[PDB]
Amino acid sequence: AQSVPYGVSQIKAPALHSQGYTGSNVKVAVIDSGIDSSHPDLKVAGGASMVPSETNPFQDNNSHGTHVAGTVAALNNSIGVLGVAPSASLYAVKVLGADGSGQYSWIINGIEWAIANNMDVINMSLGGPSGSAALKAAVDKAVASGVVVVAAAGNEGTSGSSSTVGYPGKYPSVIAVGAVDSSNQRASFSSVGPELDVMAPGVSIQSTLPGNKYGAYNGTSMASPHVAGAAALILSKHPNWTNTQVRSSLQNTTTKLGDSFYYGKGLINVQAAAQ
């Protein structure tokens, strides 16, 4: 049988599926470690690899990318899980090697590809502790071009008075996503700061794993794809909305969870946002 991960229902995606909005014809680029396109519960539309030594983007030697992809768009059938936007056009942009790391330039390159290939939404379940003029420029460029850019806020917890949001989550052009649990409490590892935008389920997230498996991961990595997926659903309902309109709807219709320093605007509500 098929299982609906809690995160999926927590953000109210199912209410949309039932109205017939499943993210059809929305192009979402998962900028990560690749995606196991052979997974029975995934349908990869295409992709490109930016890792010099690893040319097949459809080969996930890390597993992270496959997991994230599953949250975005695991297929609606009678097996595995169900993604937030199961009808979305999934593109695998591999910018990370097997070890889960990538040079800043590989990441930038992926963003460039993303823009040039008309992706609607970009998901970046990755981060670094420092910025770059070039990194900033690529994300700014994506948003100027009409792309919805979402990234993990980071897993640095709290550090006194300081913001612990990583890059590219830190940039204002990006929707930086924090992690809450099934009870809407902030996960202890979830980075905090003025730059945190919204929260999504990031604890015990059941998704797809390479070689026809399923498993649960924790991380702001897991929260991100929920928002990426939601954006896709909104665009499936409102194909004519701008990235700005998408972002706004998501930010203005959240469930307040507490102090913005810790929670940004709160938990996303795709049903409310799609209104």
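Don't overthink the numbering: it's just position in the shown sequence, from 1.
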Item checked: Segment of higher mean CA temperature factor, 24 to 32 or 225 to 233 -> 24 to 32
Margin query: Tell me which stretch has the larger mean Cα B-factor in this entry, 1 to 9 or 266 to 274.
Written below: 1 to 9
Next item on the list: Check the PDB entry and point out which of 208, 244, 55, 218 has the largest C-alpha temperature factor.
Entry: 55
Next item on the list: Could you tell me which one of 78, 71, 191, 123 shows the highest CA temperature factor in the PDB record?
Entry: 78
Check: Hey, what third does residue 173 fall into on Cα B-factor, ranked over its chain?
Finding: lowest
Margin query: For the chain shown, is the CA B-factor of residue 92 in the lowest, middle or highest third of its modelled residues?
Written below: middle
Item checked: Third of the chain, ranked by Cα B-factor, where residue 38 sits -> highest
Check: What third of the chain, by the recorded C-alpha B-factor, contains residue 239?
Finding: highest
Next item on the list: Looking at the entry's B-factor column for C-alpha atoms only, identify whether residue 119 ranks in the lowest, middle or highest third of its chain.
Entry: middle
